[PDB]
**Q** 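What follows is a structure written as structure tokens; I'll ask about it next.
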Amino acid sequence: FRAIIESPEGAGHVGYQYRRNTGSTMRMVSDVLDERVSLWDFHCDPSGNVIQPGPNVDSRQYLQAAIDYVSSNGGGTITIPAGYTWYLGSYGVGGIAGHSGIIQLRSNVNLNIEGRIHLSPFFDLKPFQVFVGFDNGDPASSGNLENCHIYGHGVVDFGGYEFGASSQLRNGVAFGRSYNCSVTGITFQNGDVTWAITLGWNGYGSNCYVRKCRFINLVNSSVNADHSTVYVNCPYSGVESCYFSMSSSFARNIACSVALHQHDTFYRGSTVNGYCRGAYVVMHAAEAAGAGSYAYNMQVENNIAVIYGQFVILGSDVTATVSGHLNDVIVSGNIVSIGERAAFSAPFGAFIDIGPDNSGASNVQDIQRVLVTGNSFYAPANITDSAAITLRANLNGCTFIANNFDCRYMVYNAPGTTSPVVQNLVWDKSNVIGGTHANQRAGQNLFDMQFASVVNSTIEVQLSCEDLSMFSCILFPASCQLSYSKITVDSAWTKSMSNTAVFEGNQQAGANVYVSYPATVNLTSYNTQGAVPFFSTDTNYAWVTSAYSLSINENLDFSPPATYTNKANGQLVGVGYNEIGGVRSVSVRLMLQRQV
Amino acid sequence: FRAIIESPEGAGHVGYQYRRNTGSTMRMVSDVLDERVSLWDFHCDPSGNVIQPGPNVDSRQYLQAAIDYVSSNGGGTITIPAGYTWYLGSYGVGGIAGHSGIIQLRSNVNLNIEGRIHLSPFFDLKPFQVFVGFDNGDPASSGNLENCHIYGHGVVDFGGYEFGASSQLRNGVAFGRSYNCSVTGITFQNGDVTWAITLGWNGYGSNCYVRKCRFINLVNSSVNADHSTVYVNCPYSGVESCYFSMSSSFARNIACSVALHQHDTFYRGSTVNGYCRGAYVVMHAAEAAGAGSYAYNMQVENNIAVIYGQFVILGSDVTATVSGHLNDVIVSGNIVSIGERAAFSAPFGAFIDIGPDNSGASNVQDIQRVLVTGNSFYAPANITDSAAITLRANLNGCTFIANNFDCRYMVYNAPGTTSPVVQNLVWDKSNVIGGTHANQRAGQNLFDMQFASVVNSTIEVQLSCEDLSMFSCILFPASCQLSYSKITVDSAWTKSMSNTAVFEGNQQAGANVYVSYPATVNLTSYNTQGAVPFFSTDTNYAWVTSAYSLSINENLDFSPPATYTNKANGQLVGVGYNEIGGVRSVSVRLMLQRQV
Amino acid sequence: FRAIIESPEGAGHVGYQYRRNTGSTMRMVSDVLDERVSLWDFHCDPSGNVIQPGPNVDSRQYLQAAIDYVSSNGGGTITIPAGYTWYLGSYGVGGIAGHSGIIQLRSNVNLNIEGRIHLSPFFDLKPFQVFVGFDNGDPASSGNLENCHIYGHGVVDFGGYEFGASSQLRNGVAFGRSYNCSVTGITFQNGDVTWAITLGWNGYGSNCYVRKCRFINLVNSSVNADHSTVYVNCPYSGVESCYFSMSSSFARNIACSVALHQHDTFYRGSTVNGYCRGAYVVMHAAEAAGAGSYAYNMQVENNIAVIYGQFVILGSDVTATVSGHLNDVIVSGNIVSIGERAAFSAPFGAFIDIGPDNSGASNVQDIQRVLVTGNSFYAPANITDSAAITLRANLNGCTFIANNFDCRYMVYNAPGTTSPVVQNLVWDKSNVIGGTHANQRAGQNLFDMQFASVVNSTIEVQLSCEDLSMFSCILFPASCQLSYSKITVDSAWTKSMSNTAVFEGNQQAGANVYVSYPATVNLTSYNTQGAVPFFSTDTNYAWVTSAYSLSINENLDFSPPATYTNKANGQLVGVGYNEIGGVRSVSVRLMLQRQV
Ligand SMILES: CC(=O)N[C@@H]1[C@@H](O[C@H]2O[C@H](CO)[C@H](O[C@H]3O[C@H](CO[C@@H]4O[C@@H](C)[C@H](O)[C@@H](O)[C@H]4O)[C@@H](O)[C@H](O)[C@H]3O)[C@H](O[C@@H]3O[C@H](CO)[C@@H](O)[C@H](O)[C@H]3NC(C)=O)[C@H]2O)[C@H](O)[C@@H](CO[C@H]2O[C@H](CO)[C@@H](O)[C@H](O)[C@H]2O)O[C@@H]1O
Ligand SMILES: CC(=O)N[C@@H]1[C@@H](O[C@H]2O[C@H](CO)[C@H](O[C@H]3O[C@H](CO[C@@H]4O[C@@H](C)[C@H](O)[C@@H](O)[C@H]4O)[C@@H](O)[C@H](O)[C@H]3O)[C@H](O[C@@H]3O[C@H](CO)[C@@H](O)[C@H](O)[C@H]3NC(C)=O)[C@H]2O)[C@H](O)[C@@H](CO[C@H]2O[C@H](CO)[C@@H](O)[C@H](O)[C@H]2O)O[C@@H]1O
Ligand SMILES: CC(=O)N[C@@H]1[C@@H](O[C@H]2O[C@H](CO)[C@H](O[C@H]3O[C@H](CO[C@@H]4O[C@@H](C)[C@H](O)[C@@H](O)[C@H]4O)[C@@H](O)[C@H](O)[C@H]3O)[C@H](O[C@@H]3O[C@H](CO)[C@@H](O)[C@H](O)[C@H]3NC(C)=O)[C@H]2O)[C@H](O)[C@@H](CO[C@H]2O[C@H](CO)[C@@H](O)[C@H](O)[C@H]2O)O[C@@H]1O
Ligand code: NA
Ligand code: NA
Ligand code: NA
Ligand code: NA
Ligand code: NA
Ligand code: NA
Ligand code: NA
Ligand code: NA
Ligand code: NA
């Protein structure tokens, strides 16, 4: 009896009944202990003696044994205990070896991480993916991971190690072909990695989420090629209420917080600091296997960000046999700024970027039905390379309503680069243009329409303060065709501007172009006393359907017309009034209108 | 001693002190084991021998015994263990019997569901409510349920069984008259049910929530009368970050994700696919007992949906002695689409529906102070039955600002059906109208104002592309009175339209009607050289206060007036200029204006 | 052996191996029991006998012993068991004594509160802070608190006791200089306190959050000086999905739900009832030590509130050596109402308040780059003291887009009080003004511009119904300078108004003022048959650049001009048409325009 009690079966001989309730099960102590499981239950030597974790102990095989065993019973939750740091010091074996995997996750086996998991210097200068849900080296031949949740107040610490070579990959959690998996509460910190977490594989997976996690200092070297902290590669998945921070200079040039790469995905309520980019929203044709060729129902909302490059990047692309499409996107409620930096010191600052594909092509994209509403954006006055939208590839539609943009440019694309074909660009008059960059815009167009063509578009410019430094509010080079569009410049704060809207190819004459903008015009009258015509001296107004005075009349003896129409020779003409006769000559600020 | 140790009291004789700390309590093993409780502690036969769960074991009585016992100690949390499926195979007894109840919930007793709960085929073709918080067959005589939380990574599986008769009811969790209750993390799946979860009873309850749950395939037959996945029937309660999916055809015609039926309730951050409807926001007079006759502070925000019918349905109604009112509603940040379907194959597609009561009455409602802002809506081009708002019952106010609507109709109601009385309908010019349905609108009015009357309303139409197929942008039949309203049609993309705004009863003449829209007008001048009047040939412009040219003047020898007023006989009149004399005859596109 | 087994070391002699797995660690029962810890492990007398909690037992020393011990092992989670109420009955000692502290929190030691914690009447009429994370009486000399989480379904009950003196302070949780700390799930109730929770200290701290908590009835007496339920005094921190309720009359005059006082903080998805105020968003110079002098990236979104005073209060202030700045703020998606109350019975009702500092100064503030978008606000028709914005101190910018405001005033400041200097106030035309207060505005200006000066501002007034009671839509007293601004009043619903915009100092004449508004004007013509001038009888239109008719012409024999310009003497002049000669005299409603 004493022998049995002291044996490993001893708890199985000590009886227990819950709270002494006579109606409860007559169990043994070991049965109640068997209701929970921890790493300590597997962290032992071959004789079964517990081993203390630490920097000289490789915990990997013990944690794998625990996972494998719980998997064999239909699942459960393994605790990684608080008050200890559990080091990982070798690669895993089998199916995860193809992925540089350390631990293999298994279906229905959750990890409650309350302590700390650290990488040992075995991993210095090497690739690694700490937790891998694939079960095969070839993701296409992998089985699924289902019902796997990682959660707790604990920490995954990547040991500070730099990348050995840029071509290496490093990840925290790769769930694989992942269905109903999640990470909640965990701090990922102190690394040089490619991703912290990836969800799904090329569209295979569903209902994967990252919630209330922190990602701190996960890029630290010039070797690191690229970084996205969470990559969402399965539908019906997303990221909420997370915290992302970087301190490295390299992070400002390479790091993005989130990638949304399949339909019905979201990124919400998160705070970002120190990153180059906020989120990619992309349909890569190469990733369309599991959920189709369309990324739709994409949501970026209610985030807070200080970044150095672009907040949201939109794109789609093609392969030999598949074409990717991006539509039905909403970007709303986000408050974003470009952090303090020199002009041109990081990738071009933007709220929205329409980005060319990885080979630089701007003629592959199929992006449409995007709504950008109720956001704020700010860039400091010195940051020349700051835009509401950098529109650098073909765009099939994007709608801006009720945003507040306070940066150098509203719409921009660099000249002599890409020549996007633009359709359905809608800039509603309810977009408020801030004044931080007033006086900085010498030689620049606020809306610099450096496109191949623009159709079915609306640009309603409304200033909120003066900026007489700018060359124009909106300019179309002669190379940009413009048709079936509405372009207006409100007169407020424009009285002193030489140029308001500029059409370098006279494109505002087009049959289905609807415009209005202010201009100064010299007129001369006939000598007749009484009702008397005034005519413009210049003949460049053949396209004008009406014009009206924006100037007061300082004269007593006459008045110019209040409103004008045109004549076939391109003159404006209106009927004013000479109280006394005489030829009159005036210069008047007019609102020129065409079909509006 | 050996006897005591092996007895059910044995753990109560084995001493323990936490971590060997001399300052800690000298306890017994059983005391520490008694800190937790699971189903295994009650899942035993009359001799106390544990019973293994499975498809041939009815776990109901054991789970009820556990709940009842924990309730007797002031509460706690019962775990339903992982790695097992726990079948339910009989009805409960007592107070829950009136509700077809299986398990009775009790105050302060939480369920941590980590394993799976399944319904056995005893329930096939029968009604059932799996977990019931009422304690009486008659909800009016029921006590409350307080401080009851269901949570975990587990699953409630309804066994796939179809309904036996349409009149039956089936539910997952009915919390009853429920205060500070919640469901978090749970997957509900594989059923034909009426609701998954209901919160509160006829306004009695408070602080009930459904968070991070999944609802998958909960309608599967033509027998199922109706389905709402979560019904919120108590104030200060709501649904967040949930996932709802249906695959059944029947679901597309009957199923709604959420019902918000009392004040201060919300539905946020959720994803919906495969449902007919997104949310009801309703004050039923029949449900006003617990929290009053007003549903106010209703919030639907930041959701993602693919549906087949209507996204948000607003309503209120009356009984013999109570009148229900709906006000102070916000619908914002939602991105919604009508899924691919044939026209008229499901209930009429809409972003907002103002729905008549369950008896079809449209003259009972009191709905006002609703704000619909910053949403996107899309329906495929073939779906004739798609509208921003189907306004089918009396409306006392609804405000649209800064939405993007891309569907067949903006405002619609079917002719010869209901004749709503409409007040305070506000459609701000910042609503962007998409072009998906361009060329599909032969015989149709974009805003089809099929109402009894419209007052204190604003419709500011702004197109973003051409659609010459449409009969008109906005039309008022002669039966619709119109007063104290503003109706404008911006000219952009309208030059080629025969009809822009149409007032079949000439209602735009009303004293307090403020309108503007484009029209073509034939004018003739007098022969006089010099300043010369032009007059419209038609006499239907008695209501016009000013008009201005939207056309260029192709002539050299004359110009028509830039602006016009009217005359008592209904002609327009303006002063142009004949450089040379002669009678002139022109056809000009004008912007007609009345009091604007 | 029997002796050892019955001793406190007995569990340490009973062997256990998890699930009888031969590959698992050979442990002892005590090792598995040592994986968890509860208050029962420390709630014992000097002989180690467990003590039952209750109203006559002071649990404080036991809970402190537990915290101190777990702290010594590197942390963990202490459970406060369900089914018991644990009373606190004395003050703590040492470093927390300076803060009236009860319990001292320690780093890495979490509290899972499942039971109830109550204050004993020892605390009646006394100050207290229940849980304190400072370790020194002087916060400046305090160490940090890190990785401390309080969570569970339990309750902190403040015993109902009133404050003894107004100068006293009372708090639930003061995390101190707090990094990665949180409270989740907890109900705070039944008190008279200053705060429930405070996060950070004068900018020191990071990543602190309050989530899914309830705060119920935490002000109950006239002694209570002031109350903010959560004070956020560290960056990268915030409040989400919480519930706040008060029933006291005193709460309506003193209580605020949240204070956001450092950068990158948020308040989201919460419901508030019974409070005076929603949130302060403030940079106090006195609090700038830890995180700088700027509060930026401040987010208030998607909340539901019934309040009696002001929803969001903005401010910044200075000390002898530091100046505070507030910028980059977003207020969005909130649905707010002033509860039913008499006019002037609580602090002045407002959606936004620009508040003077604690000494009443209005010339210290530096508030700019604020976006207020997509919110709804309502106040009942009797509440004279209700405004979209009470602008009572210097403002450097605030932007309103696409809100729905339904209250007495849009912009207000009391005359003869403060004279704010206002820059960059932007009120977009997409703000919908509701009609609840129609007919109540005798003697009042809808936009009452009671400022020292206004510059670089935009006010675009758009009515949605008539209110002929109001004195004017917008009025500028002669003392308010106005320059480089745009002020427009849309004509809809204004035909019958005597005054629309009123410039008591004729400020609309300014060189860079852009205005338009309706006015009635008497004109007389010359007798000439044919094209004939009409001239205003009054000479106050020297500032007008154009005007156009808003009236029909009831005459056959003539027509007045459709459009007018001015003359140096301040007359308007236009060219109409006399079909038959004669002097004409008409009174016409015109749209007066200046530089627009
Ligand atoms: C860091 C990041 O996410 N960057 C974004 C771009 O991602 C693309 O480059 C990445 C570089 O790290 C990834 O490529 C690398 O990894 C591939 C996957 O590794 C293999 O497969 C894994 C499952 C195994 O575990 C590994 O062992 C390994 O075998 C590898 O094939 C590539 O050779 C390597 O360079 C990234 O690849 C994706 O990774 C995810 C997450 O792990 C995975 O689920 C996918 O299966 C895998 N996709 C593919 C196709 O393999 C790769 O996509 C990203 O392209 C870019 C988007 O912006 C550009 O394109 C837009 C659309 O045209 C355009 O609008 C925009 O302007 C462009 O800049 O954003 C980051 O740069
Ligand atoms: C499925 C659903 O929720 N449908 C919505 C409509 O709900 C209405 O019909 C339902 C059909 O299932 C419910 O009625 C059924 O259930 C009643 C309640 O069951 C009894 O009481 C329970 C507490 C017990 O546990 C049960 O054992 C049983 O005794 C029953 O009385 C009815 O006879 C039966 O048909 C639904 O009833 C509500 O259910 C909730 C949740 O359980 C409960 O808290 C309420 O007490 C109960 N209410 C009432 C009055 O009994 C019933 O409301 C819903 O009416 C509709 C809203 O849209 C329409 O009305 C709008 C406002 O006028 C109008 O704008 C719109 O256009 C209309 O279509 O939406 C779904 O159809
Ligand atoms: C209840 C509340 O939060 N009210 C808001 C105002 O807060 C200011 O008054 C409070 C009154 O309770 C606090 O002052 C009180 O407490 C101070 C702190 O206590 C000391 O330090 C603690 C760390 C210890 O634990 C305590 O033992 C004690 O030693 C004390 O010094 C004061 O004497 C006392 O009156 C509040 O003080 C802040 O408290 C937080 C949270 O505990 C703490 O983190 C800070 O360190 C501490 N700050 C300071 C400077 O000490 C104090 O700030 C708040 O000023 C106001 C904002 O609105 C006004 O100002 C705006 C900006 O100019 C203006 O726009 C607006 O119109 C104004 O009305 O809002 C509430 O009234
Ligand atoms: Na690989
Ligand atoms: Na769009
Ligand atoms: Na071109
Ligand atoms: Na019933
Ligand atoms: Na409204
Ligand atoms: Na009628
Ligand atoms: Na103190
Ligand atoms: Na702003
Ligand atoms: Na002044």
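One-based numbering, in listed order, for ligands and for the atoms of each. Below, all heavy atoms of this structure are taken into account, side chains as well, without hydrogens, waters or symmetry copies. Lettering of chains follows the sequences in order, A, B, ..., and the numbering in each one begins at 1.
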**Q** Strictly under 3.0 Å of the Na ion (ligand 4): which protein N/O/S atoms qualify?
**A** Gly98(A) O
**Q** Can you list the atoms of ligand 2 that are under 4.0 Å from a heavy atom of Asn233(B)?
**A** 43 (C), 44 (O), 45 (C), 46 (O)
**Q** What atoms of ligand 2 come closer than 4.0 angstrom to any heavy atom of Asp317(B)?
**A** 62 (C), 63 (O)
**Q** Checking contacts now, so for atom 63 (O) of ligand 2, which I'm interested in, is there any protein heavy atom under 4.0 Å?
**A** yes
**Q** Output the list of atoms in ligand 2 that are nearer than 4.0 Å to some heavy atom of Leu169(B), sorted by atom number.
**A** 12 (O), 15 (C), 16 (O), 19 (O), 26 (C), 28 (C)
**Q** Using a strict cut-off of 4.0 Å, indicate which atoms of ligand 2 neighbour a heavy atom of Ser228(B).
**A** 1 (C), 2 (C), 3 (O)
**Q** Taking a cutoff of less than 4.0 Å between a non-hydrogen atom of the residue and any ligand atom, is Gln129(B) in contact with ligand 2?
**A** yes
**Q** Is ligand 2 less than 4.0 angstrom away from at least one heavy atom of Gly98(B)?
**A** yes
**Q** Does at least one non-hydrogen atom of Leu314(B) fall below 4.0 angstrom from an atom of ligand 2?
**A** yes
**Q** Could you tell me whether atom 43 (C) of ligand 2 has a protein heavy atom closer than 4.0 Å?
**A** yes
**Q** Please give me the protein atoms (N, O or S only) lying under 3.0 Å from the Na ion (ligand 6), ordered by chain and number.
**A** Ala452(A) O, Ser479(A) O, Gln481(A) OE1
**Q** Please list, chain by chain and in numerical order, all residues satisfying ring pair (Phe, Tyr, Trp, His ring centres under 6.0 Å) with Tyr412(B), sequence neighbours excluded.
**A** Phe348(B), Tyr409(B)
**Q** Could you list the residues that satisfy salt bridge (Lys or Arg N to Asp or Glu O under 4.0 Å) with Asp264(B), not counting sequence neighbours?
**A** none
**Q** N/O of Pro356(B) under 3.5 Å from N/O of ligand 2, yes or no?
**A** yes
